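Take a look at this one chain, the form deposited in one PDB entry, written out in structure tokens.
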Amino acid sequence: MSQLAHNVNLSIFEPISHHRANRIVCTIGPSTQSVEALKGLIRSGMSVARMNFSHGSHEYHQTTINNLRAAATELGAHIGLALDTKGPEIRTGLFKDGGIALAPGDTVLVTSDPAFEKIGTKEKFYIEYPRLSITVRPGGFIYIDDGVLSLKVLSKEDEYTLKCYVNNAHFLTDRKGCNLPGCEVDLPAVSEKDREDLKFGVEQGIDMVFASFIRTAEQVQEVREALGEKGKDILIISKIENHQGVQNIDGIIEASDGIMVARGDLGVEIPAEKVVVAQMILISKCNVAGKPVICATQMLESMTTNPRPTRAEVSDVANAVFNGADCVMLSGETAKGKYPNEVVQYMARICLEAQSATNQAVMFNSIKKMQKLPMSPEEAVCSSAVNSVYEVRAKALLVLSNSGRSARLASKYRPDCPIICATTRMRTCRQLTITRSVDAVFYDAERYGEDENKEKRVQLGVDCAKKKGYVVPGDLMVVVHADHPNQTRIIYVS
């Protein structure tokens, strides 16, 4: 049938019997750094904790790491740990008396001539960007101090200098970050700080990396190389933040393990109505690729200080889910907000509402129709297992995958039931936290043996399903595992 037919037969006041398939990423901040606070978040619905490396030293983040692992252990929970890189930046230079006041209607010259690095004035100051006047055009814009100060470029004065118009009052201070909307800029894939930070990330055993400002496939390869051999199993989620990213998404997807749609960042460069559509394209492309996609920024912002969001905000979360996002991310709302638990709980409810209003069969059919023939054995087995779920109406799907690969492959086909992955690696448990539908369960092969005939992982998988209330004796499950991940079975729960 169809989404159209799903909508018209929907009873919006009947209870939802579905279980939450989407996953929530939370930013850790002052509101939420303690063991207790982190437990609250875990109980509320957090799957992944995001360290924002734009702020805070290594020891700040070490605290997040330690307290998160203490909390997760207490609760018997696998939580993903994500390092979100600062990324390259363009900074202003210095000012006399450490700052300057600008007024709506003033002109100010901005220059890449270093002679002005140390000596900025209301009238002229330095931006650390050698190709400034090859890059930014007249009528173009520059934003400074997290997008707060807006300058309209009036004209090119010389090869180092632009004349600008001040659109709003701001008091500008030493070495602020700059925005150059609409420009191919000459910045590296990773900064030197990024390099130190990724190194730290690898030493601390992070699960995934949110790579800032990704513009090309090669830049992703640079993050891969940075992480090096020792971090070859850390996932890279490339953050798409601008027109180049959106333009290069096919290659970036190929190179990455996943994508983050940074809506607010995109919205600096691109008309809002085109960010909406970019979000759709980017999400659909990841679905088709079977790679996790995370929707970030501008999510339930107003809930940072209010106990309830606007409907518009709620609708925007819903729609990311409808779009096909695995995950939705919270920023300030958990990092520094008044209601971190409540907002996470509320996200969970919204997700669940939208899940229930989606016809999953339609997306399954849609992904399926993208598949070229012949398929590889591994695609065939996973898409065939999902097809079996719909056909016999199974209430859970169990995959035995040590790396998580098949869990991701299954998920990509959008079964209308939960996916359980029995794995021998805790790392796989933490990394599956960004994959829709999935509950990872850890099989301890050191304790219980190698389980060559699978009997013990199947049984663990089934017990997990029973204990979360997905199945009871008499229900059907589909099980995917290796022979002596290419075997499927259809079983009754006993």
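Start at 1 with the first residue shown and count on from there.
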{"item": "Residues of the deposited sequence that sit between residue 485 and residue 484 yet are not modelled", "value": "4 to 9"}
{"item": "Stretch with the greater mean C-alpha B-factor as recorded in the entry, comparing 428-436 against 57-65", "value": "57-65"}
{"item": "Average Cα temperature factor in the PDB entry - higher stretch of 318-326, 369-377", "value": "369-377"}
{"item": "C-alpha B-factor winner, where the candidates are 179, 212, 384, 284", "value": "179"}
{"item": "Residue of maximum C-alpha B factor among 342, 159, 391, 265, per deposited coordinates", "value": "159"}
{"item": "Modelled-residue ranking by C-alpha temperature factor, third containing residue 22", "value": "lowest"}
{"item": "Third of the chain's Cα B-factor distribution that residue 171 belongs to, per the entry", "value": "highest"}
{"item": "Record-listed C-alpha B factor of residue 301: chain third", "value": "middle"}
{"item": "Ranked C-alpha temperature factor of residue 350 among modelled chain residues, by third", "value": "lowest"}
{"item": "Chain thirds of CA B-factor: placement of residue 237", "value": "lowest"}
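Keep in mind that the form deposited in another entry is not shown, yet the notes after this line are about it.
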query: Which listed residue lies at the hinge, 170, 67, 185, 352, rigid motion between the shown form and the other one; finding: 185
